[PDB]
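**Student:** Handing you a structure now.
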Amino acid sequence: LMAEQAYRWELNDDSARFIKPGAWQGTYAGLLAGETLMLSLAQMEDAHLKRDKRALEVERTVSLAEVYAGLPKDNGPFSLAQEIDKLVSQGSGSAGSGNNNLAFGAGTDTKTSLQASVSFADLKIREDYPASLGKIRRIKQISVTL
Amino acid sequence: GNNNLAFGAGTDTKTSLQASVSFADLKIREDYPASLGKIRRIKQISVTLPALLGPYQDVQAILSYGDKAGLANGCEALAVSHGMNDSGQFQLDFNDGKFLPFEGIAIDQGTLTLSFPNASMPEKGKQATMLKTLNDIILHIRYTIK
Amino acid sequence: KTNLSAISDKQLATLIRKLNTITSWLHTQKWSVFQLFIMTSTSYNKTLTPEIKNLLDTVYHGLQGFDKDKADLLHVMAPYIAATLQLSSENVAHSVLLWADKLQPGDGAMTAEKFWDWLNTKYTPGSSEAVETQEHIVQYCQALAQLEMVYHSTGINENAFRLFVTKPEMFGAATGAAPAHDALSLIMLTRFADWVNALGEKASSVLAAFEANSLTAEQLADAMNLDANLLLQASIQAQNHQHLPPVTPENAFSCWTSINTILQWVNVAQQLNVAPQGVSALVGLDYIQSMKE
C-alpha cells in the first residue's frame, strides 16, 4: 500500500487501487498469500508503464515584484521596494490583499517573521500554452533567487 | 509546401505561429558517401533561439514531428524553455534507458514544425513584442550513421 | 406421485418392473437407497455451512474486478468452484456450472449471473449476517455439490460429461430440455460409462467419431471386436422393428439410445447364440394378441 500511494502520486489516478484485502486467509494458514501480492504488484507495474509517457519539461520565471506591481486594482497595487523597507522599519502593518498580501506572521514565534504570499491562480501559468498540449500541469521543482 | 510559415489551424492554435520545414529539403543524406552507411537516424534534436530575451524572462516554443505514430509514446514533441542549445529536458543523459525525443526518426522523410504560442499582436500575445526581435532559428541535429 | 390405491393393472405391472430393475441396478452398483435419493434429490437444505462459506469467500475474492466483456463469466468462475468443491479438473466444474445454469436450482431460480451479482452486492465476507436471498445461495451451492456427487459416482469421462451437459440430444434426452439427474438418466449414464470402459484403448477414437456424426458400423465393430456384418444386420433389424423412440439410419449410430438398442439386440442374439434374424423370427411369435395376425 505504500507502493500504491507512490503510484497514485507519480500518476494522478487517486481512484486506482490494486491491492485487495483477500490476500490472507486464516482458514488455510495464510498460505500462498505472498503470491497474490506478487500478482498485484505485477498488475501495478504493468498499468504503471502502460500509462506513463514522456512529459514536456518546461520552466517559467516569475518576477514577484511584477506579480505584485501588476496586481488588479480591486486590490491595492504595490511594488515591493516601498513596503519591505517600511514594514521592517515599523515592524508591523500589511500591504495588499487576499492571498497576495504581504504581512507579518500570525503565530507568537512568527511575530518577527515577515512573509510574502502569492496565489498560483494569479500567476495564471495555465494560459501560457494551448490547452490541447496537455490537460494537467504539475510542478517539478521551485527554485528561488534573492 | 512543407516549408511554409503560417499560423495554427486549430481553434486554440489560431494565435500560435508555427514554422514548418521538410527534412527532404535539409538534404542531410547528401553530406556523406552512401557506402558509409545506408540508414541515417536522429539521435537528438537541439534548438537555439537567439532572440533578445530579457533577464529573468523567457521564450516558450514547441517543435513537433509529423508522424506521431512510429515512435514511443510522448517522444514526438519537446518544448523549448530558454532557447540556448536547449532541449526539452532538464538533464539529458545518453546513458539513460529513456529514448530521447526524436530518436530513431529517419532523416530522408518527415516534417519538423516549430510553434510559437501567443504570437498575434491583435490578441496582445505575450511573445508578440519579443518575437519581432527574432532573426533566425538553429536546429542542432544529432544523427548517427549505421 | 402416482397412487397405488387407484392404478391400472398394467400400470402396476410397469411399476413392479421399474422397481425390480432399479433394485437390481443398485445391487450391482453396491449403492444404498439413501445414496440414490441424495443424488436424485431436488429439495436442498437452506443452511449455511463452513464449506459453503469458504466457497463464497474464495469466489468473491477471485472474481473481484471481473469484466463481463473481456471474458466469459462461467469460464472465469470455474477454477474457484473447482478449488472450493474439491474437483480434480477445472473443465468438470465448467460443465457442472453449465448443467446447473440449465437446471436453475432452488425455489428462487439461481444462475451464474444472479449468483455473481448477489456476491458482488449483498455479500460481506468474514461476517455472519442474515440475508433474505442467502438461502437461495445455499441451495445453489448444494446443487453444485450434488452434481459433483453425480459426476464422481457415474464414472463417466470428462469430455463425454461435457458432451452430455452441452448436447442432451446426443444422449437421446428429450430435445430442448436440461438434462435430468433422475435415476433413470443415472442408470443410462452408468451404462454409457461401462460401455466406454469396455471399448478399452479404442474408446479414444470411438468417442471422437461419436462426437462428430462420423461413427459407423464397421468402426464400432472393430472397436468391440465384433463382426461388421453382425452389427450391420442388428442395425437393420432394429430399423425394421418399431422401437420407441424410432431408429433411423441417420441416428442409428448418432443417438446413444440407438446404439444402446443395437447393443441390446446383439447381446440377446449372442445370449441365444443365434443371428439377429433369429431374434427377428422370435419376436414375430406374438400369438397372444389381437393387434395383428
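Residue names in the C-alpha cells use chain letters A, B, ... in the order shown, residue numbers from 1 in each chain, and ligand numbers from 1 in the order shown.
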Could you name the residues that touch stretch 88-104 of chain A at 8 Å or less, counting only C-alpha atoms, but leaving out those on the same chain fewer than 2 positions away, as a PyMOL selection string?
**Tutor:** chain A and resi 68+75-78+83-86+106+110-119
**Student:** I need the chosen residues saved as a PDB file, in the first residue's frame, with C-alpha atoms.
**Tutor:**
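The resulting selection-v9.pdb:
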ATOM      1  CA  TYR A  68       2.533  42.440  -7.089  1.00  0.00           C
ATOM      2  CA  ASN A  75      -6.555  45.126  -4.582  1.00  0.00           C
ATOM      3  CA  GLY A  76      -4.026  47.822  -3.760  1.00  0.00           C
ATOM      4  CA  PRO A  77      -1.123  47.531  -6.189  1.00  0.00           C
ATOM      5  CA  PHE A  78       2.363  47.918  -4.761  1.00  0.00           C
ATOM      6  CA  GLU A  83       6.673  48.245   1.624  1.00  0.00           C
ATOM      7  CA  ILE A  84       9.593  45.979   2.544  1.00  0.00           C
ATOM      8  CA  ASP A  85      11.589  48.990   3.764  1.00  0.00           C
ATOM      9  CA  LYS A  86       8.758  50.347   5.918  1.00  0.00           C
ATOM     10  CA  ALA A 106       0.380  35.450  12.913  1.00  0.00           C
ATOM     11  CA  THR A 110       6.398  34.256  13.727  1.00  0.00           C
ATOM     12  CA  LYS A 111       5.522  37.747  15.025  1.00  0.00           C
ATOM     13  CA  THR A 112       9.002  38.884  13.941  1.00  0.00           C
ATOM     14  CA  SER A 113       8.959  36.977  10.646  1.00  0.00           C
ATOM     15  CA  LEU A 114       7.712  38.778   7.529  1.00  0.00           C
ATOM     16  CA  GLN A 115       6.100  36.573   4.871  1.00  0.00           C
ATOM     17  CA  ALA A 116       5.076  37.456   1.306  1.00  0.00           C
ATOM     18  CA  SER A 117       2.206  35.349  -0.062  1.00  0.00           C
ATOM     19  CA  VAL A 118       1.187  34.838  -3.695  1.00  0.00           C
ATOM     20  CA  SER A 119      -1.584  32.760  -5.289  1.00  0.00           C
TER      21      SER A 119
END
**Student:** Which residues, written as a list in words, have at least one atom at most 6 Å from stretch 144-161 of chain C, with only C-alpha atoms counted and residues fewer than 2 positions away on the same chain left out?
**Tutor:**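 The residues satisfying every condition are residues 141, 142, 163, 164, 190 and 193 of chain C.
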**Student:** Pull C-alpha atoms from the residues just selected and write them as a compact mmCIF listing (two decimals), in the first residue's frame.
**Tutor:**
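Result file follows (part-v1.txt):
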# COMPACT_ATOMS: atom_id res chain seq x y z
CA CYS C 141 -24.21 -24.34 -3.78
CA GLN C 142 -25.81 -27.58 -2.56
CA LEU C 163 -20.96 -33.55 -24.31
CA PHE C 164 -23.86 -34.78 -22.16
CA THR C 190 -23.59 -45.53 -15.90
CA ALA C 193 -19.51 -45.20 -18.90
**Student:** Please check the contacts: residues of chain C at most 9 Å away from chain A, using only C-alpha atoms, listed as a PyMOL selection string.
**Tutor:** chain C and resi 54+57-58+61-62+64
**Student:** Env of residue C:52: 12 Å cut, atoms = only C-alpha atoms, seq-sep filter 6 positions within chain, self excluded. Answer as a PyMOL selection string.
**Tutor:** chain C and resi 45-46+58-59+81+84-86+125+134-135+137-145
**Student:** Using only C-alpha atoms, I'd like every residue of chain A that has an atom within 12 Å of chain B; please write them out as a ChimeraX atom specification.
**Tutor:** /A:49-64,66,125,127-134,140-141,144-145
**Student:** Please, could you write that set of residues out with C-alpha atoms as a PDB file, in the first residue's frame?
**Tutor:**
ATOM      1  CA  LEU A  49       4.354   1.604 -17.554  1.00  0.00           C
ATOM      2  CA  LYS A  50       1.261   1.231 -19.755  1.00  0.00           C
ATOM      3  CA  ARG A  51       0.025   4.693 -18.718  1.00  0.00           C
ATOM      4  CA  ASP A  52       3.345   6.553 -18.360  1.00  0.00           C
ATOM      5  CA  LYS A  53       4.561   8.811 -21.172  1.00  0.00           C
ATOM      6  CA  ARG A  54       7.250  11.427 -21.722  1.00  0.00           C
ATOM      7  CA  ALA A  55       6.079  14.805 -20.425  1.00  0.00           C
ATOM      8  CA  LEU A  56       7.143  18.187 -21.814  1.00  0.00           C
ATOM      9  CA  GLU A  57       9.564  19.616 -19.253  1.00  0.00           C
ATOM     10  CA  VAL A  58       9.100  23.411 -19.112  1.00  0.00           C
ATOM     11  CA  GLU A  59      10.423  26.232 -16.923  1.00  0.00           C
ATOM     12  CA  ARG A  60       8.999  29.690 -16.222  1.00  0.00           C
ATOM     13  CA  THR A  61      10.455  32.648 -14.348  1.00  0.00           C
ATOM     14  CA  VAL A  62       8.037  34.508 -12.066  1.00  0.00           C
ATOM     15  CA  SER A  63       9.021  38.054 -11.048  1.00  0.00           C
ATOM     16  CA  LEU A  64       7.262  38.685  -7.734  1.00  0.00           C
ATOM     17  CA  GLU A  66       5.869  42.246 -11.230  1.00  0.00           C
ATOM     18  CA  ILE A 125       0.611  29.899 -15.740  1.00  0.00           C
ATOM     19  CA  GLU A 127      -2.591  30.444 -20.040  1.00  0.00           C
ATOM     20  CA  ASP A 128       0.956  30.243 -21.427  1.00  0.00           C
ATOM     21  CA  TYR A 129       0.277  27.270 -23.727  1.00  0.00           C
ATOM     22  CA  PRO A 130      -2.630  25.822 -25.718  1.00  0.00           C
ATOM     23  CA  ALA A 131      -4.921  23.605 -23.670  1.00  0.00           C
ATOM     24  CA  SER A 132      -4.678  20.680 -26.114  1.00  0.00           C
ATOM     25  CA  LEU A 133      -0.940  20.469 -25.450  1.00  0.00           C
ATOM     26  CA  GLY A 134      -1.917  18.791 -22.180  1.00  0.00           C
ATOM     27  CA  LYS A 140       8.698  19.672 -10.831  1.00  0.00           C
ATOM     28  CA  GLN A 141      10.944  21.996  -8.766  1.00  0.00           C
ATOM     29  CA  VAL A 144      14.181  30.899  -5.560  1.00  0.00           C
ATOM     30  CA  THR A 145      16.578  33.806  -6.131  1.00  0.00           C
TER      31      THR A 145
END
**Student:** From the set B:2, B:95, B:35, B:48, which residue has the shortest atom-to-atom contact distance to residue B:18, counting only C-alpha atoms?
**Tutor:**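 Looking at the shortest contact to residue B:18, the residue is B:2.
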**Student:** Would you list, as a PyMOL selection string, the residues of chain B that end up in strand (DSSP E or B) under DSSP run on this structure's backbone?
**Tutor:** chain B and resi 5-7+17-22+40-48+61-64+77-80+86+106+111-116+138-145
**Student:** Find, counting only C-alpha atoms, the residue in A:48, A:72, A:43, A:123 that gets nearest to residue A:12.
**Tutor:** A:48
**Student:** I need the helix (DSSP H, G or I) residues of chain A per DSSP on the backbone, written as JSON, numbers by chain.
**Tutor:** {"A": [2, 3, 4, 5, 6, 7, 8, 9, 10, 21, 22, 23, 26, 27, 28, 33, 34, 35, 36, 37, 38, 39, 40, 41, 42, 43, 44, 45, 46, 47, 48, 49, 50, 51, 64, 65, 66, 67, 68, 69, 81, 82, 83, 84, 85, 86, 87, 98, 99, 100, 120, 121, 122, 123, 125, 126, 127, 128, 131, 132, 133]}
**Student:** To one decimal place in Å, what is the distance between atom CA of residue B:38 and atom CA of residue B:110?
**Tutor:** 17.2 Å
**Student:** Quick one: residues within 9 Å of residue C:101, only C-alpha atoms, excluding same-chain residues fewer than 4 positions away - as a list in words?
**Tutor:**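 Contacts, in chain order: residues 96, 97, 105, 110, 111 and 112 of chain C.
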**Student:** Rounded to one decimal, what separation in Å do you get between atom CA of residue B:94 and atom CA of residue B:69?
**Tutor:**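 Separation of atom CA of residue B:94 and atom CA of residue B:69: 23.2 Å.
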**Student:** Can you tell me, as a PyMOL selection string, what residues are no more than 12 Å from residue C:211 when counting only C-alpha atoms, ignoring any on the same chain fewer than 3 positions away?
**Tutor:** chain C and resi 159-164+166-167+169-171+203-208+214-215+253-256
**Student:** Using C-alpha atoms, can you export the residues from the last selection as an mmCIF file, in the first residue's frame?
**Tutor:**
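Generated output (again.cif):
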data_model
loop_
_atom_site.group_PDB
_atom_site.id
_atom_site.type_symbol
_atom_site.label_atom_id
_atom_site.label_comp_id
_atom_site.auth_asym_id
_atom_site.auth_seq_id
_atom_site.Cartn_x
_atom_site.Cartn_y
_atom_site.Cartn_z
ATOM 1 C CA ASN C 159 -15.310 -34.916 -22.251
ATOM 2 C CA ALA C 160 -18.338 -37.194 -22.578
ATOM 3 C CA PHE C 161 -19.730 -35.486 -19.471
ATOM 4 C CA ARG C 162 -19.131 -32.173 -21.258
ATOM 5 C CA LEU C 163 -20.959 -33.548 -24.307
ATOM 6 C CA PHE C 164 -23.855 -34.777 -22.156
ATOM 7 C CA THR C 166 -23.950 -29.407 -23.746
ATOM 8 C CA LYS C 167 -25.994 -31.687 -26.062
ATOM 9 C CA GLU C 169 -29.978 -34.801 -27.690
ATOM 10 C CA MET C 170 -26.789 -36.751 -28.440
ATOM 11 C CA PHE C 171 -27.592 -38.841 -25.351
ATOM 12 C CA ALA C 203 -12.526 -45.673 -26.807
ATOM 13 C CA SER C 204 -10.366 -42.630 -27.588
ATOM 14 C CA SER C 205 -11.118 -42.904 -31.315
ATOM 15 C CA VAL C 206 -14.668 -44.208 -30.831
ATOM 16 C CA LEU C 207 -15.729 -41.226 -28.725
ATOM 17 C CA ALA C 208 -14.179 -38.769 -31.188
ATOM 18 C CA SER C 214 -18.980 -39.883 -38.057
ATOM 19 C CA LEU C 215 -19.350 -43.240 -36.288
ATOM 20 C CA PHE C 253 -25.074 -44.591 -34.514
ATOM 21 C CA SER C 254 -25.668 -40.890 -33.762
ATOM 22 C CA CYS C 255 -28.039 -41.146 -30.778
ATOM 23 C CA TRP C 256 -26.968 -43.125 -27.719
#
**Student:** For atom CA of residue B:93 and atom CA of residue B:46, determine how far apart the two atoms are, in Å to one decimal place.
**Tutor:**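 Separating atom CA of residue B:93 from atom CA of residue B:46 is a distance of 13.6 Å.
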